[PDB]
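Numbering (our numbering), first residue to last: 13 to 363.
Heads up, the thing below is written out as structure tokens.
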Ligand SMILES: *[C@@H]1O[C@H](CO)[C@@H](O)[C@H](O)[C@H]1NC(C)=O
Ligand SMILES: CC(=O)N1CCc2c1ccc(Cl)c2Cl
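Okay, here's the thing in structure tokens:
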């Protein structure tokens, strides 16, 4: 099945990196008032030099020129209850990542600018055009996303909520689901701008990157890079946000320059990383954090398989839905592994 259909943005001034129109894939579900808007990930580029390289061999992340007319919804975007016990009947939207800016930019390609970085505006424009296609009648809009899309959720969920309030739709409940987008600005295991802190600092300047207002007001000018880190930006958010995060995320380990017989130094580094991640989730009431070495989960077809403390992610998300109607009997929403080494959870993806 190729069930989500491409719509290029009617406002063609909201563009991918190269000035081609951004867009979204839609599969409508009549009668359902649930809308799932999923932000694709795919790293980023923070200067002309690496953006030019990304344009040569990763061009679909920078242009809509070669996008197919349809995409198959998989995992949480699947309409089959067997693949998606959580939201199989929802209206499904897949928003391709073609701005290379962690969904934070609001700058057009112009005289001074070889590339457009419009991720924040892309989300705004998708939401605006969807209101005329059924979203106006929604009761829940779940803004989900994986990897850089997961960080995009944290950066944009409150802006979507404010956008709908100002447009006159206060009844739509905007919620966030951030998958694999909860990073630590930690010490690298070996020094190498791959390090998470420096990459984001350069990005905002290059991108015209914007961050949630309450977080911006805490860290102030020149320090907005802090708001790309989940444990710093999450406490400032008003919309409900469910956090999915492997304790030993492969992209975290990459920017940490960890490449997998492990000796004491690396063992301690890996164990400290998991404990740090676990600590940052202690006060996140809706979270699913398995002790696995892996990367993304929610649009993979076997996303149903992993469990924490006996509860799957689709179940935990259903429990979260119920909690948003005191804790529920047999329906937990805070699921963080406590064991300290990759794959100490037997349900981790096999690879
Ligand atoms: C098109 O999008 C741009 C970027 O946000 C915005 O400035 C402009 O007002 C939009 N125009 C229309 C007609 O929607
Ligand atoms: C793969 C990816 O997308 N990565 C890895 C590091 C990172 C990403 C996305 C957002 C932020 Cl803040 C950070 Cl540190």
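Each residue gets a CB set at the ideal place from its N, CA and C atoms; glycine is no exception.
Supposed contact pair residue j and residue i - C-beta distance, whole angstroms, cut 8 Å
i	j	result
residue 152	residue 169	The Cβ separation is near 12 Å, so there is no contact.
residue 165	residue 156	6 Å
residue 245	residue 116	About 11 Å; that fails the 8 Å criterion.
residue 67	residue 30	7 Å
residue 345	residue 335	6 Å
residue 137	residue 16	With 8 Å as the limit, residue 137 and residue 16 do not qualify as a contact, their Cβ atoms being about 18 Å apart.
residue 288	residue 196	6 Å
residue 277	residue 352	Not a contact, Cβ separation roughly 16 Å.
residue 298	residue 254	4 Å
residue 257	residue 194	4 Å
residue 120	residue 32	Not a contact, Cβ separation roughly 13 Å.
Boundaries (first-last residue) of the alpha helix (DSSP H) holding residue i
i	result
residue 226	225-231
residue 282	276-293
residue 37	Note, residue 37: premise wrong, no alpha helix (DSSP H); beta strand (DSSP E) at 35-39.
residue 142	131-143
residue 215	208-219
residue 265	262-267
residue 62	60-69
Reduced DSSP category for residue i - H, G, I as helix; E, B as strand; rest coil
i	result
residue 343	strand
residue 47	strand
residue 157	strand
residue 21	coil
residue 253	strand
residue 188	strand
residue 169	helix
residue 119	strand
residue 89	helix
residue 305	strand
residue 111	coil
residue 126	coil
residue 330	helix
residue 335	helix
residue 204	coil
Extent of the continuous beta strand (DSSP E) to which residue i belongs
i	result
residue 103	103-107
residue 246	Note, residue 246: premise wrong, no beta strand (DSSP E); not H, not E.
residue 301	299-301
Beta-bridge partners of residue i, as assigned by DSSP
i	result
residue 433	Outside the modelled stretch of the chain, which goes from 13 to 363, sits residue 433, for which no answer is possible.
residue 16	83
residue 27	33
residue 270	Answer by DSSP bridge pairing: none, since residue 270 is not bridged.
residue 348	301
residue 152	46, 185
Closer than 7 Å to chain C by CB, residue i
i	result
residue 125	Protein chains in the displayed structure number just one, and chain C is not present.
* ligand 1 site residues, beta-carbon cut 5 Å against heavy atoms -> Qualifying residues come out as 23, 25, 26, 133.
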